[PDB]
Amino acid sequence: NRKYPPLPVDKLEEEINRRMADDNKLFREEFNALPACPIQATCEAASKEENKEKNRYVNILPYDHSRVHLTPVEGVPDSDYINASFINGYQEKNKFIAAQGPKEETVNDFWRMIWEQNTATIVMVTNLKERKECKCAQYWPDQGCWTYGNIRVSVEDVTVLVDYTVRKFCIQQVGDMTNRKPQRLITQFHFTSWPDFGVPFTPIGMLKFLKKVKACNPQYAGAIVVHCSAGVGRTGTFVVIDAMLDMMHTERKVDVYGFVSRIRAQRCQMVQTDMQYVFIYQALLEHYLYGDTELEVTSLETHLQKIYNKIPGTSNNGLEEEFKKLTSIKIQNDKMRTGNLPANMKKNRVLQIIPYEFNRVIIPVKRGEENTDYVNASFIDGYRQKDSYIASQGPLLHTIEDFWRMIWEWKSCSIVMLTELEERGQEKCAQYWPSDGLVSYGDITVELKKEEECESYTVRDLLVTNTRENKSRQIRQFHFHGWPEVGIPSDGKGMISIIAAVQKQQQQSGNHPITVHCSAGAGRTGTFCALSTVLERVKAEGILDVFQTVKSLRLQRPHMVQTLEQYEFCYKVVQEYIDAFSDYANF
């Protein structure tokens, strides 16, 4: 096709911008211009009456020339069929299997394919359910061992992170004492962060996911099995990103149109929607613009020398270079509608800092009052859990009741306050806790039980009672006093201590969303969220990605880490934490 030729990388950003314009106008044309199939193909086996219960959809059928054949089972007619196809990589034939997520009745067939194909790696790009609709049968055990036909599957390990879960299994074909085959270590990469509507708010999760898959797949293994529900949409997105990253590295070009066309010779509808197609381009651009910003702790000193000094041939340091990339990202004005409604405008401290719709913190509608579901607060992904933080403005006098309804609704047991009530003679936050005894805000009563005074913060033990529900909760407020009226704290000691105190409270109260606020709920709030995530990850892995941590916050709530000095403070605290606990093994 001469209308969608390969794109050199230096025109990738410009072309994405043009193709994204007028509501993805030229991207939709491009996607709609994909061939259904560039070759003459048949689906005789897939269409056989005897195989009908083995397919999720009558119109998603593997082609005869590219289908994955199961070995015939003696006495079982039609036992050679599974809904799965071989798929080429950039330069490698049949690198992948694109498979349907098994149905209950094809779980055994799915495992037999994995065994027969010598597969080491399974890539799952669907949740089991979307809105109580089953997308995929759970084909793995949660603990111990289960036998699926003649394939014994034993749980080895499970690692849960915010964007994906990695599960290790020991598998073995059993049932023949005269032919005991050796066990195989299988790794399942489960992408859990694709939302039910739209695409991930950032492509970095998908790029990190792909990196781990590639690093883990061993020599001698057969095709990597990639599946979603139908095995064409998100499955196609994964395979095409992998191939196009290779093309970018080898040719300094991408050809998404050409590559998607090519793999459609092997399986119908690979990349099933315009939004999946656009997300491929977004992931390639993410890689091209930012590359790998993860640092092993032993690389941090070298990185900080770069960050804090002038970039040669420029008038900026590395900190300014990184910060300019963060501020160059677009605030999505069409996603900030609810906070901008006339009835909600007075509930916001700062017009430009209001939630995006996709992660806005929704509260119960009070009685029969419209626009009463709104608070200026956003759910933020952490290191291990989705919605780890509520990034909230500090309440106004007239939003304290809404603030408490939010805390109660979302089960927060940790409140982090990163402002004084007044700074530089300006009101920054309304007092929402009692200085002594009891205070009431609608259905929520708040009693002060204990105070402790730490070096940089006060801890207030609050007994919080919903008087409608007749239920009480112990909620701890961490009131940070270490933030100066101008600039940033002189050191990270206070920030490190308050993050540790919150982590302690979370561990013993059930790891509910942490309510984090300053005044407008972006600058200091963003710094606390960024550092809670970075310190948890550095402790777990000895890796830090300050740049992508802050970038993801900017994509979840406007101005998270609002200023250059706040961004500087993120690096200063991480450096101090590592230097303080330098003998910690993972570093």
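All residue numbers refer to positions in the sequence shown, first residue = 1.
Asks: Comparing 164-172 with 243-251, which has the greater mean CA B-factor as deposited?
Replies: Comparing 164-172 with 243-251, the higher mean C-alpha B-factor belongs to 243-251.
Asks: Between 89-97 and 461-469, which has the higher average C-alpha B-factor in the PDB entry?
Replies: Here the higher of the two C-alpha B-factor means belongs to 461-469.
Asks: Among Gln272, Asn316, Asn376, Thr445, where is the Cα temperature factor highest, going by the PDB entry?
Replies: That would be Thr445.
Asks: Choose from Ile114, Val439, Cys268, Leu421 the residue with the greatest Cα B-factor as stated in the PDB record.
Replies: By C-alpha B-factor in the record, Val439 ranks first.
Asks: Among all modelled residues of this chain, ranked by Cα B factor, put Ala343 in the bottom, middle or top third, i.e. lowest, middle or highest.
Replies: Highest third of the chain for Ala343's C-alpha B-factor.
Asks: Tell me, lowest, middle or highest third: where does the Cα B factor of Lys132 rank within its chain?
Replies: Highest third of the chain for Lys132's C-alpha B-factor.
Asks: Mind checking which third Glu30 falls in for C-alpha B-factor across the chain?
Replies: Tercile = highest for this residue's CA B-factor.
Asks: Could you look up the Cα B-factor of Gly425 in the entry and say which third of the chain it sits in: lowest, middle or highest?
Replies: CA B-factor rank for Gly425: highest third.
Asks: Consider only the C-alpha atoms of the modelled residues in this chain, order them by B-factor as the entry records it, and name the third containing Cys37: lowest, middle or highest.
Replies: Highest third, going by the recorded CA B-factors of the chain.
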